[PDB]
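Okay, structure first, notes after.
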Amino acid sequence: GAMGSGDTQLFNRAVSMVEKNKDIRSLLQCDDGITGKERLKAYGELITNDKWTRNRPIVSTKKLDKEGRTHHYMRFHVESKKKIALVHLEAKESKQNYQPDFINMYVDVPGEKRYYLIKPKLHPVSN
């Protein structure tokens, strides 16, 4: 396990960006010092069903699609200062690149508009 640390890597890489993104932090109510300094947490789908295998734990649904790129569809949940948030990242593995390319990545926070940390190629160049 964890040998395919891509999800593991991406989780940390994805989570770091979302945790530290001001926009997301604002969504996450990440105002440190508001009531002392509060703690954030990040993990895959929590109690969704039973225990660990529930829905989407910290994983990327590895698909080696027609693209010729491994597709990383990864979601994880985080605890904000005041809310519990869900983070969804779509990455693709180039070929021999160190990390997969991030196509899209966004944060789902209850009561907050889904924030797109990373914008997918929504329009084909022209738009």
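Letters A, B, ... mark the chains of the structure tokens in the order given; residue numbers begin at 1 per chain; ligand numbers begin at 1, in order shown.
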Next on the checklist: So that I can check the surroundings of residue 69 of chain A, please list as a PyMOL selection string every protein, DNA and RNA residue that reaches within 10 Å of it, counting only C-alpha atoms and ignoring chain neighbours fewer than 5 positions away.
Outcome noted: chain A and resi 62-64+91-95+100-101
For N, CA, C and O atoms, I'd like the residues from the last selection saved as a PDB file, in the first residue's frame.
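part-v1.pdb was written with the following content:
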ATOM      1  N   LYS A  62      -7.912   5.756 -10.350  1.00  0.00           N
ATOM      2  CA  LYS A  62      -6.927   5.631 -11.405  1.00  0.00           C
ATOM      3  C   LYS A  62      -7.550   5.068 -12.663  1.00  0.00           C
ATOM      4  O   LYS A  62      -7.845   3.868 -12.731  1.00  0.00           O
ATOM      5  N   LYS A  63      -7.615   5.885 -13.693  1.00  0.00           N
ATOM      6  CA  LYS A  63      -8.026   5.399 -14.990  1.00  0.00           C
ATOM      7  C   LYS A  63      -6.964   5.738 -16.010  1.00  0.00           C
ATOM      8  O   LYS A  63      -6.642   6.914 -16.204  1.00  0.00           O
ATOM      9  N   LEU A  64      -6.537   4.749 -16.758  1.00  0.00           N
ATOM     10  CA  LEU A  64      -5.657   4.980 -17.883  1.00  0.00           C
ATOM     11  C   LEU A  64      -6.527   5.049 -19.107  1.00  0.00           C
ATOM     12  O   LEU A  64      -6.885   4.014 -19.686  1.00  0.00           O
ATOM     13  N   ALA A  91      -6.758  15.077 -11.573  1.00  0.00           N
ATOM     14  CA  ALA A  91      -5.422  15.165 -12.116  1.00  0.00           C
ATOM     15  C   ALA A  91      -5.238  14.108 -13.160  1.00  0.00           C
ATOM     16  O   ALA A  91      -5.967  13.121 -13.179  1.00  0.00           O
ATOM     17  N   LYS A  92      -4.217  14.253 -13.963  1.00  0.00           N
ATOM     18  CA  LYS A  92      -3.870  13.221 -14.906  1.00  0.00           C
ATOM     19  C   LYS A  92      -2.378  12.973 -14.893  1.00  0.00           C
ATOM     20  O   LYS A  92      -1.585  13.916 -14.844  1.00  0.00           O
ATOM     21  N   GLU A  93      -1.987  11.718 -14.969  1.00  0.00           N
ATOM     22  CA  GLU A  93      -0.578  11.397 -15.003  1.00  0.00           C
ATOM     23  C   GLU A  93      -0.081  11.603 -16.410  1.00  0.00           C
ATOM     24  O   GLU A  93      -0.661  11.060 -17.355  1.00  0.00           O
ATOM     25  N   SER A  94       0.947  12.411 -16.562  1.00  0.00           N
ATOM     26  CA  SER A  94       1.485  12.674 -17.869  1.00  0.00           C
ATOM     27  C   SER A  94       2.036  11.378 -18.471  1.00  0.00           C
ATOM     28  O   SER A  94       1.284  10.597 -19.065  1.00  0.00           O
ATOM     29  N   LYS A  95       3.305  11.088 -18.232  1.00  0.00           N
ATOM     30  CA  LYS A  95       3.876   9.807 -18.626  1.00  0.00           C
ATOM     31  C   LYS A  95       4.947   9.392 -17.635  1.00  0.00           C
ATOM     32  O   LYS A  95       4.778   8.449 -16.861  1.00  0.00           O
ATOM     33  N   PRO A 100       1.350  13.886 -11.263  1.00  0.00           N
ATOM     34  CA  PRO A 100       0.266  13.996 -12.267  1.00  0.00           C
ATOM     35  C   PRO A 100      -0.093  15.456 -12.510  1.00  0.00           C
ATOM     36  O   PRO A 100       0.007  16.286 -11.603  1.00  0.00           O
ATOM     37  N   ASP A 101      -0.562  15.756 -13.703  1.00  0.00           N
ATOM     38  CA  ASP A 101      -1.019  17.099 -14.020  1.00  0.00           C
ATOM     39  C   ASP A 101      -2.363  17.334 -13.354  1.00  0.00           C
ATOM     40  O   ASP A 101      -3.240  16.471 -13.418  1.00  0.00           O
TER      41      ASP A 101
END
At most 12 Å is the cut-off: for each residue in segment 35-88 of chain A with any atom that close to an atom of segment 4-25 of chain A, write down the nearest atom pair and the distance in Å rounded to one decimal, counting only C-alpha atoms, chain first then increasing number, as JSON lines.
{"residue": "A:39", "atom": "CA", "partner": "A:19", "partner_atom": "CA", "distance": 11.0}
{"residue": "A:40", "atom": "CA", "partner": "A:19", "partner_atom": "CA", "distance": 8.0}
{"residue": "A:41", "atom": "CA", "partner": "A:19", "partner_atom": "CA", "distance": 9.2}
{"residue": "A:42", "atom": "CA", "partner": "A:15", "partner_atom": "CA", "distance": 7.1}
{"residue": "A:43", "atom": "CA", "partner": "A:11", "partner_atom": "CA", "distance": 8.6}
{"residue": "A:44", "atom": "CA", "partner": "A:11", "partner_atom": "CA", "distance": 9.0}
{"residue": "A:56", "atom": "CA", "partner": "A:7", "partner_atom": "CA", "distance": 11.6}
{"residue": "A:57", "atom": "CA", "partner": "A:7", "partner_atom": "CA", "distance": 10.0}
{"residue": "A:58", "atom": "CA", "partner": "A:11", "partner_atom": "CA", "distance": 6.7}
{"residue": "A:59", "atom": "CA", "partner": "A:7", "partner_atom": "CA", "distance": 5.2}
{"residue": "A:60", "atom": "CA", "partner": "A:7", "partner_atom": "CA", "distance": 5.5}
{"residue": "A:61", "atom": "CA", "partner": "A:7", "partner_atom": "CA", "distance": 9.0}
{"residue": "A:62", "atom": "CA", "partner": "A:7", "partner_atom": "CA", "distance": 9.1}
{"residue": "A:70", "atom": "CA", "partner": "A:6", "partner_atom": "CA", "distance": 10.7}
{"residue": "A:71", "atom": "CA", "partner": "A:6", "partner_atom": "CA", "distance": 11.1}
{"residue": "A:72", "atom": "CA", "partner": "A:7", "partner_atom": "CA", "distance": 7.8}
{"residue": "A:73", "atom": "CA", "partner": "A:7", "partner_atom": "CA", "distance": 9.2}
{"residue": "A:74", "atom": "CA", "partner": "A:7", "partner_atom": "CA", "distance": 7.3}
{"residue": "A:75", "atom": "CA", "partner": "A:11", "partner_atom": "CA", "distance": 8.4}
{"residue": "A:76", "atom": "CA", "partner": "A:11", "partner_atom": "CA", "distance": 7.6}
{"residue": "A:77", "atom": "CA", "partner": "A:15", "partner_atom": "CA", "distance": 9.2}
{"residue": "A:78", "atom": "CA", "partner": "A:15", "partner_atom": "CA", "distance": 8.2}
{"residue": "A:79", "atom": "CA", "partner": "A:19", "partner_atom": "CA", "distance": 9.6}
{"residue": "A:80", "atom": "CA", "partner": "A:25", "partner_atom": "CA", "distance": 8.1}
{"residue": "A:81", "atom": "CA", "partner": "A:25", "partner_atom": "CA", "distance": 9.1}
{"residue": "A:82", "atom": "CA", "partner": "A:25", "partner_atom": "CA", "distance": 10.8}
{"residue": "A:83", "atom": "CA", "partner": "A:25", "partner_atom": "CA", "distance": 10.8}
{"residue": "A:84", "atom": "CA", "partner": "A:19", "partner_atom": "CA", "distance": 11.8}
{"residue": "A:85", "atom": "CA", "partner": "A:24", "partner_atom": "CA", "distance": 9.7}
{"residue": "A:86", "atom": "CA", "partner": "A:15", "partner_atom": "CA", "distance": 10.1}
{"residue": "A:87", "atom": "CA", "partner": "A:15", "partner_atom": "CA", "distance": 7.5}
{"residue": "A:88", "atom": "CA", "partner": "A:14", "partner_atom": "CA", "distance": 8.5}
Save the residues we just selected, N, CA, C and O atoms, as a short mmCIF file (atom, residue, chain, number, x, y, z; two decimals), in the first residue's frame?
data_model
loop_
_atom_site.label_atom_id
_atom_site.label_comp_id
_atom_site.auth_asym_id
_atom_site.auth_seq_id
_atom_site.Cartn_x
_atom_site.Cartn_y
_atom_site.Cartn_z
N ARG A 39 -7.88 24.40 14.65
CA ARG A 39 -7.23 23.27 13.96
C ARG A 39 -8.04 22.82 12.75
O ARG A 39 -9.23 22.49 12.87
N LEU A 40 -7.35 22.64 11.62
CA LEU A 40 -7.95 22.03 10.42
C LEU A 40 -7.58 20.55 10.35
O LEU A 40 -6.49 20.15 10.80
N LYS A 41 -8.43 19.75 9.74
CA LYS A 41 -8.14 18.33 9.53
C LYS A 41 -8.49 17.94 8.11
O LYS A 41 -9.41 18.51 7.53
N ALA A 42 -7.78 16.96 7.56
CA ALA A 42 -8.06 16.49 6.21
C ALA A 42 -7.97 14.97 6.12
O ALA A 42 -7.00 14.37 6.62
N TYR A 43 -8.96 14.36 5.50
CA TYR A 43 -9.00 12.91 5.33
C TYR A 43 -10.01 12.50 4.26
O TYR A 43 -10.87 13.28 3.88
N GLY A 44 -9.94 11.26 3.80
CA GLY A 44 -10.89 10.77 2.82
C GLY A 44 -12.26 10.62 3.46
O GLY A 44 -12.36 10.56 4.68
N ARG A 56 -15.42 7.49 -1.17
CA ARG A 56 -14.10 7.81 -1.68
C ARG A 56 -13.16 8.21 -0.55
O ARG A 56 -13.11 9.37 -0.14
N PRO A 57 -12.34 7.30 -0.11
CA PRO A 57 -11.26 7.62 0.84
C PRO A 57 -10.17 8.37 0.09
O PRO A 57 -10.33 8.64 -1.10
N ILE A 58 -9.10 8.76 0.76
CA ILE A 58 -8.05 9.49 0.07
C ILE A 58 -7.48 8.64 -1.06
O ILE A 58 -6.47 7.96 -0.89
N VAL A 59 -8.17 8.65 -2.19
CA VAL A 59 -7.76 7.88 -3.35
C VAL A 59 -8.00 8.68 -4.62
O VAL A 59 -8.91 9.52 -4.67
N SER A 60 -7.33 8.30 -5.69
CA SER A 60 -7.64 8.83 -7.00
C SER A 60 -8.13 7.68 -7.86
O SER A 60 -7.43 6.68 -7.99
N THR A 61 -9.33 7.78 -8.42
CA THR A 61 -9.83 6.68 -9.23
C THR A 61 -8.97 6.55 -10.47
O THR A 61 -9.19 7.23 -11.47
N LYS A 62 -7.91 5.76 -10.35
CA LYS A 62 -6.93 5.63 -11.40
C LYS A 62 -7.55 5.07 -12.66
O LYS A 62 -7.85 3.87 -12.73
N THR A 70 -3.01 8.69 -17.10
CA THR A 70 -3.76 8.15 -15.98
C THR A 70 -4.60 9.27 -15.40
O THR A 70 -4.07 10.33 -15.06
N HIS A 71 -5.89 9.05 -15.27
CA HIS A 71 -6.78 10.07 -14.73
C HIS A 71 -6.89 9.90 -13.22
O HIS A 71 -7.21 8.81 -12.74
N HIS A 72 -6.64 10.97 -12.50
CA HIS A 72 -6.75 10.96 -11.05
C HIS A 72 -8.01 11.71 -10.65
O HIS A 72 -7.99 12.93 -10.56
N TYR A 73 -9.04 10.97 -10.28
CA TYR A 73 -10.24 11.58 -9.72
C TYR A 73 -10.18 11.37 -8.23
O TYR A 73 -10.29 10.22 -7.77
N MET A 74 -9.85 12.41 -7.48
CA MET A 74 -9.61 12.26 -6.05
C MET A 74 -10.44 13.24 -5.23
O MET A 74 -10.29 14.46 -5.37
N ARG A 75 -11.16 12.71 -4.24
CA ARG A 75 -11.84 13.53 -3.25
C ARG A 75 -11.37 13.21 -1.86
O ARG A 75 -11.13 12.05 -1.52
N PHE A 76 -11.38 14.22 -1.02
CA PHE A 76 -11.12 14.05 0.39
C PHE A 76 -11.86 15.09 1.19
O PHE A 76 -12.32 16.10 0.64
N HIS A 77 -12.05 14.82 2.47
CA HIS A 77 -12.80 15.70 3.34
C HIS A 77 -11.87 16.39 4.30
O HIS A 77 -10.87 15.81 4.75
N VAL A 78 -12.19 17.62 4.63
CA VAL A 78 -11.40 18.37 5.57
C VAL A 78 -12.28 18.99 6.63
O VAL A 78 -13.44 19.33 6.36
N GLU A 79 -11.70 19.26 7.76
CA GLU A 79 -12.38 19.98 8.80
C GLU A 79 -11.83 21.37 8.86
O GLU A 79 -10.64 21.58 9.11
N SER A 80 -12.69 22.33 8.63
CA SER A 80 -12.31 23.71 8.66
C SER A 80 -12.40 24.20 10.08
O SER A 80 -12.66 23.41 11.00
N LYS A 81 -12.18 25.48 10.30
CA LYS A 81 -12.23 25.97 11.65
C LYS A 81 -13.66 25.81 12.18
O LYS A 81 -13.89 25.71 13.38
N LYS A 82 -14.63 25.95 11.26
CA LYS A 82 -16.04 26.01 11.64
C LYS A 82 -16.91 25.06 10.80
O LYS A 82 -18.12 24.93 11.06
N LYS A 83 -16.34 24.48 9.75
CA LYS A 83 -17.09 23.61 8.84
C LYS A 83 -16.26 22.42 8.40
O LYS A 83 -15.04 22.49 8.35
N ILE A 84 -16.93 21.37 7.96
CA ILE A 84 -16.27 20.22 7.39
C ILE A 84 -16.43 20.31 5.88
O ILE A 84 -17.54 20.52 5.39
N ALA A 85 -15.33 20.27 5.16
CA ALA A 85 -15.36 20.49 3.73
C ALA A 85 -14.89 19.28 2.96
O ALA A 85 -14.13 18.45 3.47
N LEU A 86 -15.32 19.21 1.72
CA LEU A 86 -14.95 18.14 0.81
C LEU A 86 -14.12 18.72 -0.33
O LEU A 86 -14.48 19.74 -0.90
N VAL A 87 -13.00 18.10 -0.62
CA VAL A 87 -12.12 18.59 -1.67
C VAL A 87 -12.07 17.57 -2.78
O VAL A 87 -11.92 16.37 -2.51
N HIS A 88 -12.23 18.02 -4.02
CA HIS A 88 -12.22 17.14 -5.18
C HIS A 88 -11.19 17.59 -6.18
O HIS A 88 -11.20 18.75 -6.61
#
Item to check | Residue list (alpha helix (DSSP H), DSSP) for chain A, as a list in words | outcome: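 Matching residues for alpha helix (DSSP H) in chain A are residues 6, 7, 8, 9, 10, 11, 12, 13, 14, 15, 16, 17, 18, 19, 20, 22, 23, 24, 25, 26 and 27 of chain A.
For the pair atom CA of residue 48 of chain A and atom CA of residue 1 of chain A, the interatomic distance is 22.1 Å.
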